[PDB]
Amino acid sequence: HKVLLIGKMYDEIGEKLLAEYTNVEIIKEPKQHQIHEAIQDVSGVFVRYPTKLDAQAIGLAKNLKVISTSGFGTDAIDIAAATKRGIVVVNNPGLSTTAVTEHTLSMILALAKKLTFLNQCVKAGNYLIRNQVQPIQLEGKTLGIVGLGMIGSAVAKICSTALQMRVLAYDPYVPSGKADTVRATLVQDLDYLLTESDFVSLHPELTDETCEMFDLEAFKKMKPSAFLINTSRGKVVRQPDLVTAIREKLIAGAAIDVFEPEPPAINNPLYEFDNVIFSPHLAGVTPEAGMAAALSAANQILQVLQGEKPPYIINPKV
């Protein structure tokens, strides 16, 4: 039994847990030829987001029986080619709730306190910028949350109680008591959340309903002084509409951690604007969260290699 690690895990504990039971090779940022040679006899595959497992590589893997992503996203795996051969594709979701909550708070406060802008002014000797701009006090301001899931609830709870913000939440599949629990108000009309909020943070599941649900019409309804925070999925925002919204000052700025596509091109049009700050899809990649997903990825590989049904099968039809 051999296992191939396409990319390091977010923590080396999952790799030692696999080395104790199988023969493991690790390849960091490989070319396609390195994948083709190292996957022939391999029995389990781990894929580090967002590198891609294609139908050719899956076709060359003769003994392959289980594939594990590093986290929730499977948009880089050819699941169809893997189902045809009956290969188990496994996920690792929901191990980074606390990491993304902290990251959303960091970016909300960064936009409000004008962190990156004020930093360059002082480094460039423009201390006198404190006569033209001012930071935003969060207390009393309205935070609008799309998606009152695990992460959206946690962000709502902190901003309402610790930051004394007014929290509105939009989620068609949630009882209003869930909003009441975290001291938020559930709002059905998304226009109301858009027109009321000084800060809009996205935490919904990526579905056909939420795919590109934040487009130019939504940005137009938002306050020109409002900010957008996106730590969910890149496909929730129609990227060109976010460019127009920023360029035409339809919103005051944004902070995004997820992209479409991933990885983003080096010439992304959003990089130009200073009121838009980025992080390379790391809101859920803290050491504590990376250690959980790495262990979870190691278990599910071993469980399939031993004929046990792992908890997060993407294609249960095999």
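Throughout, we count residues from 1 along the sequence that is shown.
Could you settle it for me: does 123-131 or 198-206 have the higher average Cα B factor in the PDB entry?
For C-alpha atoms only, the mean B-factor is higher in 123-131.
Averaging C-alpha B-factors over each stretch, which comes out higher, 231-239 or 98-106?
The recorded data point to 231-239.
Select one of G59, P280, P287, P50: the residue whose C-alpha shows the highest B-factor in the crystal structure entry.
That would be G59.
In terms of CA temperature factor as recorded, identify the highest of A55, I266, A255, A293.
It is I266.
For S153, return the chain-relative third of its C-alpha B-factor as stated in the PDB record: lowest, middle or highest.
According to the entry, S153 has a C-alpha B-factor in the chain's lowest third.
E139 CA temperature factor, ranked by third within the chain
According to the entry, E139 has a C-alpha B-factor in the chain's lowest third.
Would you please rank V3 by its C-alpha temperature factor against the other modelled residues of its chain and give the third it falls in: lowest, middle or highest?
Tercile = highest for this residue's CA B-factor.
Taking the chain's C-alpha temperature factors as the reference, tell me which third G71 falls into: lowest, middle or highest.
Bottom third by C-alpha B-factor.
CA B-factor ranking of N91, expressed as a third of its chain:
CA B-factor rank for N91: middle third.
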